[PDB]
S.K.: 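The structure that follows is given in the form of structure tokens.
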Amino acid sequence: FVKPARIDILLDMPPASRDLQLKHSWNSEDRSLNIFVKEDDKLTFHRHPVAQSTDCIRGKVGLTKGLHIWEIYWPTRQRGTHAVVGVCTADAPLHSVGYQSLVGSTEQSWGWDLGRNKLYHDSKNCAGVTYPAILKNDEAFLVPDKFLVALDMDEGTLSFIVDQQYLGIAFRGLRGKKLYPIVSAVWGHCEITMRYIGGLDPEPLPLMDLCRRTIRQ
Amino acid sequence: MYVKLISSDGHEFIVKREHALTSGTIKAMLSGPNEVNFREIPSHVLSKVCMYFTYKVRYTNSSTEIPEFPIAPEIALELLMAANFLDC
Amino acid sequence: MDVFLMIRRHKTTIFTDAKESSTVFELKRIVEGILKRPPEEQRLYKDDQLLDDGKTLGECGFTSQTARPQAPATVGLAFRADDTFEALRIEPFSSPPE
């Protein structure tokens with residue numbers, strides 16, 4: 001569960017400015033109409049307490065290259081029966097009638113259902129996969145309030161970091177696409193905050209950073 | 001074309017000038033307002049540094065998957081001090 | 001196609017690259033342009049094995065897989081001072097603090 005080189009180094013660099021966080025925040029114009037971005041906090045959205053409804057919202061920026069990491073703050077008691085976090089194309093539906101793991105339900109999105117600890121992608125046709133893989137006896141892995149999402153558009157992978165622990169590659173095959181951060185929620189009044197952490201080009205990293213990484217090990 | 005980088009213990013490393021410019025410090029020393037001598041960087045560290053120069057130039061000017069730059073735990077601390085000093 | 005090397009003699013180490021298909025003799029010409037000593041006054045080795053001028057580096061064992069930028073392969077060098085070659089001598093680099 002050791003963070004791969006690039007991720008570790010990116011996480012040791014200074015977090016993206018307040019300006020960058022806003023540029024990569026939730027898109028108030030690309031959302032389910034049961035969700036609204038907080039006027040007093042553009043990095044956080046609020047879901048209306050609508051019964052039998054699953055709702056999503058996409059981030060403003062679709063990523064096509066480079067390594068990108070963003071932090072999700074989702075209060076554990078505001079998740080309910082279906083809380084999913086991941087990425088999707090511009091075509092993934094943002095709303096669904098009924099409670100379900102919307103993100104990852106079609107080939108248009110990839111997501112980690114926090115409660116079931118299941119990875120979903122085109123789930124109507126492909127079964128979910130347990131994640132982290134080390135779980136046994138269908139035991140729950142409680143994802144805390146905050147955790148990190150790492151999207152590497154160079155290698156085409158998606159992975160998550162919890163409590164500083166890398167949980168491994170979740171999805172592969174994302175190269176060549178334009179992906180947006182997304183979550184599907186069913187909890188009345190839940191508020192999810194997304195803070196862009198940083199981005200890293202696929203170029204040789206400075207020796208200084210490489211050394212500090214080896215030392216942190 | 002080439003420049004000579006000399007370690008504290010007297011090893012002379014002959015590297016392509018463009019490669020040596022990977023280091024902000026060496027770049028500045030080669031400009032001014034030939035050789036470069038290092039009082040506190042020993043050969044086992046300077047040699048590693050030169051390999052980094054080769055690595056950096058080769059993979060910065062390419063779109064092919066960049067491999068890992070090997071750094072043994074034993075040298076990491078000395079390498080770090082050298083990297084900071086050389087700005088690279 | 002490229003091999004990355006360190007050509008070493010005594011306390012001198014040259015960092016350079018060459019095509020795997022290039023020859024031992026061609027490398028000596030590279031060393032000549034750098035250290036100013038003619039090929040005939042040079043002997044190149046891969047460990048203790050003396051390299052023949054007509055062979056390609058590849059034939060000598062210097063492949064792109066074993067001579068990478070981040071870990072160049074080593075080529076030993078010995079000079080000749082008046083029709084008599086010095087023995088091959090490469091001084092080791094210092095060692096870590098332990």
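Computed from heavy atoms alone, side chains included, the values below leave out hydrogens, waters and symmetry copies. By convention in this document, chain letters (A, B, ...) are assigned in the order of the sequence lines, proteins followed by strands, and residues within each chain are numbered from 1.
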S.K.: Within 45° of the axis and under 6.0 Å from the centre of the six-membered ring of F4(C), does NZ or CZ of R68(C) qualify?
M.R.: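 Judged by the rule (NZ or CZ under 6.0 Å from the ring centre, within 45° of its axis), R68(C) is not positioned above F4(C).
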S.K.: Measure the shortest side-chain to side-chain distance between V3(C) and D17(C) over non-hydrogen atoms and say whether it is less than 4.5 angstrom.
M.R.: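 When only atoms from C-beta onward are counted, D17(C) and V3(C) do not touch, as no gap falls below 4.5 Å.
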S.K.: Any donor-acceptor pair under 3.5 Å linking the side chain of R43(C) with the backbone of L50(C)?
M.R.: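 No; judged by distance alone, with no hydrogens or angles, the pair does not exist.
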S.K.: Taking atom CD as the centre, does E139(A) end up with more than 12 heavy-atom neighbours from other residues, nucleotides or ligands that are less than 6.0 angstrom away?
M.R.: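 Above 12, so yes.
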S.K.: Let's go through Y120(A) and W110(A) carefully: what are the C-alpha distance in whole Å and the side-chain angles of both, what is the deciding distance for ring-ring contact (aromatic ring centres under 6.0 Å, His included) to 0.1 Å, and is it a yes or a no?
M.R.: CA-CA 6 Å; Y120(A) 294 117; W110(A) 295 258; over 10 Å; no
S.K.: Compute both the distance and the angle, then confirm whether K11(C) meets the cation-pi test with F13(B): under 6.0 Å from the six-membered ring centre, within 45 degrees of the axis.
M.R.: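 Not satisfied by the 6.0 Å and 45° rule.
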S.K.: Let's go through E86(C) and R9(C) carefully: what are the C-alpha distance in whole Å and the side-chain angles of both, what is the deciding distance for salt bridge (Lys or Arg N to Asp or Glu O under 4.0 Å) to 0.1 Å, and is it a yes or a no?
M.R.: CA-CA 11 Å; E86(C) 52 180 38; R9(C) 163 171 184 272; 2.7 Å; yes
S.K.: Establish, from distance only, whether the side-chain atoms of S53(A) and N34(A) form a donor-acceptor pair under 3.5 Å.
M.R.: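 Per modelled atom types, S53(A) and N34(A) side chains form a pair under 3.5 Å.
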S.K.: Hey, could you give me the CG/OG distance between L102(A) and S109(A), rounded to the nearest 0.5 Å?
M.R.: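 Here the rounded value is 7.5 Å.
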S.K.: Hey, does the side chain of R116(A) reach the backbone of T81(A) with a donor-acceptor pair shorter than 3.5 angstrom?
M.R.: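 The answer is yes, because a donor-acceptor pair under 3.5 Å joins these two groups.
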S.K.: We want to know whether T64(B) and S62(B) form a side-chain donor-acceptor pair, criterion being a heavy-atom distance below 3.5 angstrom.
M.R.: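 Per modelled atom types, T64(B) and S62(B) side chains form a pair under 3.5 Å.
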S.K.: Are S17(A) and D19(A) linked by a side-chain donor-acceptor pair shorter than 3.5 Å?
M.R.: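 Distance-only check fails for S17(A) and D19(A).
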S.K.: Would you say that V87(A) contacts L158(A) through its side chain, given a criterion of any heavy-atom pair below 4.5 Å between the two side chains?
M.R.: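 A side-chain contact exists here, since the closest heavy-atom pair is under 4.5 Å.
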S.K.: Between the side chains of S94(C) and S43(B), does any donor sit under 3.5 Å from an acceptor?
M.R.: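 Note: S94(C) and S43(B) side chains meet the donor-acceptor criterion.
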S.K.: Salt-bridged, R6(A) to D154(A), with N to O below 4.0 Å?
M.R.: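 Answer for the salt bridge query: yes.
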S.K.: Using modelled atom types and a 3.5 Å cut-off, is there a donor and acceptor pairing between side-chain atoms of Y99(A) and backbone atoms of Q52(A)?
M.R.: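 Yes, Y99(A) side chain to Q52(A) backbone: donor-acceptor pair under 3.5 Å.
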S.K.: Mind running salt bridge (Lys or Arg N to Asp or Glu O under 4.0 Å) on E20(C) and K55(C) for me, showing each step along the way?
M.R.: CA-CA 11 Å; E20(C) 188 176 310; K55(C) 300 301 182 187; over 6 Å; no
S.K.: Are there over 12 heavy-atom neighbours, none belonging to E39(A), within less than 6.0 Å of that residue's CD?
M.R.: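 Check fails, neighbour count at 12 or below.
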S.K.: Please lay out, stage by stage, how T22(B) and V57(B) fare under the test side chain to side chain contact (heavy atoms under 4.5 Å, CB included).
M.R.: CA-CA 8 Å; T22(B) 294; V57(B) 176; 3.8 Å; yes
S.K.: Got a donor-acceptor contact below 3.5 angstrom from the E32(C) side chain to the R29(C) backbone?
M.R.: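 Absent.
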S.K.: Measure from NZ or CZ of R195(A) to the centre of the six-membered ring of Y73(A), then state whether that distance is under 6.0 Å and the direction lies within 45° of the axis.
M.R.: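 Judged by the rule (NZ or CZ under 6.0 Å from the ring centre, within 45° of its axis), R195(A) counts as positioned above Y73(A).
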S.K.: Would you say the side-chain atoms of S123(A) pair up with the backbone N or O of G104(A), donor to acceptor, closer than 3.5 Å?
M.R.: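 Yes, the answer is positive, given that a donor and an acceptor are paired below the 3.5 Å cut-off.
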S.K.: Just by distance, do the side chain of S23(B) and the backbone of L86(B) share a donor-acceptor pair under 3.5 Å?
M.R.: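 Such a contact is found between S23(B) side chain and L86(B) backbone.
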S.K.: Should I57(A) and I182(A) count as side-chain neighbours, where that means a heavy-atom distance under 4.5 Å?
M.R.: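 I57(A) vs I182(A): side chains apart.
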S.K.: Would you say CG of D40(A) has more than 12 non-hydrogen atoms from neighbouring residues, nucleotides or ligands within 6.0 angstrom?
M.R.: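 Counting other residues, nucleotides and ligands, CG of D40(A) exceeds 12 neighbours.
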S.K.: What's the verdict on side chain to side chain contact (heavy atoms under 4.5 Å, CB included) for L5(B) and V15(B), showing C-alpha distance, side-chain angles and the deciding distance?
M.R.: CA-CA 8 Å; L5(B) 307 182; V15(B) 308; 3.9 Å; yes
S.K.: Do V162(A) and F1(A) come within less than 4.5 Å of each other through their side chains, counting heavy atoms only?
M.R.: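 SC-SC contact between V162(A) and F1(A) ruled out.
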S.K.: To the nearest 0.5 angstrom, please state how far the CD1 atom of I7(A) sits from the CG atom of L148(A).
M.R.: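 Those atoms lie 9.0 Å apart.
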S.K.: Between the side chains of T16(C) and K16(B), is a donor N or O closer than 3.5 angstrom to an acceptor N or O?
M.R.: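 Looking only at side-chain atoms, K16(B) and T16(C) do not form any donor-acceptor pair under 3.5 Å.
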S.K.: I need the minimum non-hydrogen distance between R213(A) and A5(A), along with the two atoms involved.
M.R.: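 Smallest heavy-atom distance, with atoms named: NH2-CB, 3.5 Å.
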S.K.: Take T54(B) and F15(C) through the test side chain to side chain contact (heavy atoms under 4.5 Å, CB included) and record every step on the way to the result.
M.R.: CA-CA 8 Å; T54(B) 313; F15(C) 276 77; 4.0 Å; yes
S.K.: Side chains of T13(C) and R8(C): is there a donor and an acceptor less than 3.5 Å apart?
M.R.: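 Note: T13(C) and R8(C) side chains meet the donor-acceptor criterion.
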S.K.: Could you tell me whether the side chain of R47(A) and the main chain of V186(A) form a donor-acceptor pair under 3.5 Å?
M.R.: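 Yes: the side chain of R47(A) pairs with the backbone of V186(A).
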S.K.: Are side-chain heavy atoms of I9(A) and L200(A) found at a separation under 4.5 Å?
M.R.: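 No, their side chains stay 4.5 Å or more apart.
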S.K.: Between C126(A) and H121(A), is a side chain to side chain contact (heavy atoms under 4.5 Å, CB included) present by the stated rule, with each step listed?
M.R.: CA-CA 7 Å; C126(A) 307; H121(A) 174 52; over 6 Å; no
S.K.: Is the closest side-chain heavy-atom distance between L114(A) and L142(A) below 4.5 Å?
M.R.: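 No; the side chains remain at least 4.5 Å from each other.
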S.K.: Test the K118(A)-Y131(A) pair against the cation-pi criterion, namely NZ or CZ under 6.0 angstrom from the six-membered ring centroid and within 45° of the ring axis.
M.R.: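 No, cation not above the ring by the 6.0 Å, 45° rule.
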S.K.: Can a side-chain donor-acceptor contact be found between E191(A) and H46(A) if the only test is distance below 3.5 angstrom?
M.R.: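 Judged by distance alone, the side chains do pair up.
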S.K.: Any luck finding a side-chain donor-acceptor pair between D55(A) and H95(A) under 3.5 Å?
M.R.: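 Yes.
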S.K.: May I have the step-by-step check of ring-ring contact (aromatic ring centres under 6.0 Å, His included) for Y55(B) and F69(B), ending in yes or no?
M.R.: CA-CA 8 Å; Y55(B) 171 81; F69(B) 190 70; 5.0 Å; yes
S.K.: Is there a side-chain contact between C88(B) and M208(A) (heavy atoms, below 4.5 Å)?
M.R.: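 The answer is no; the side chains never approach within 4.5 Å.
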S.K.: Is a side-chain N or O of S64(C) found less than 3.5 angstrom from the main chain of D2(C), in a donor-acceptor match?
M.R.: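 The answer is yes, because a donor-acceptor pair under 3.5 Å joins these two groups.
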S.K.: Does a side-chain N-to-carboxylate-O contact under 4.0 Å join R216(A) and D12(A)?
M.R.: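 The answer is yes: the pair qualifies as a salt bridge.
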S.K.: Find out whether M194(A) and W26(A) are in side-chain contact, i.e. whether some heavy atom of one side chain is under 4.5 Å from a heavy atom of the other.
M.R.: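 Yes, their side chains come closer than 4.5 Å.
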S.K.: Can the ring centres of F93(C) and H11(B) be said to be less than 6.0 Å apart?
M.R.: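 Aromatic pair counts; centres sit under 6.0 Å.
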S.K.: Is it the case that the side chain of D47(C) and the backbone of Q49(C) share a donor-acceptor pair, with hydrogens and angles ignored and the cut-off at 3.5 Å?
M.R.: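 Here the side-chain-to-backbone pair does not exist.
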S.K.: Please work out whether the ring planes of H68(A) and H24(A) are parallel, tilted or perpendicular, with thresholds of 30° and 60°.
M.R.: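 Judged by the thresholds at 30° and 60°, the geometry between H68(A) and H24(A) is tilted.
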S.K.: Does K48(B) pair with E74(B) as a salt bridge, N-O distance under 4.0 Å?
M.R.: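 Result for this pair is no, no salt bridge flagged.
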S.K.: For residues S101(A) and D113(A), is any side-chain donor paired with an opposing acceptor at under 3.5 Å?
M.R.: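 Indeed, the side chains of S101(A) and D113(A) share at least one donor-acceptor pair under 3.5 Å.
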S.K.: Given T89(A), which of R58(A), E107(A), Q108(A) fulfils the side-chain hydrogen bond (donor to acceptor under 3.5 Å, both in side chains) condition?
M.R.: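 The residue from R58(A), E107(A), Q108(A) that satisfies side-chain hydrogen bond (donor to acceptor under 3.5 Å, both in side chains) with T89(A) turns out to be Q108(A).
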S.K.: Answer yes or no: are there more than 12 heavy-atom neighbours, outside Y45(C) itself, under 6.0 Å from its atom OH?
M.R.: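 Check passes, neighbour count above 12.
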S.K.: Less than 6.0 Å separating the ring centroids of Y196(A) and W70(A)?
M.R.: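 Ring-ring flag for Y196(A)/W70(A): false, centres at least 6.0 Å apart.
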S.K.: Using the salt bridge (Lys or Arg N to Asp or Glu O under 4.0 Å) rule, take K28(C) and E26(C) through it: C-alpha gap first, then chi angles, then the decisive distance, then the call.
M.R.: CA-CA 5 Å; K28(C) 290 183 177 179; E26(C) 292 178 313; over 6 Å; no
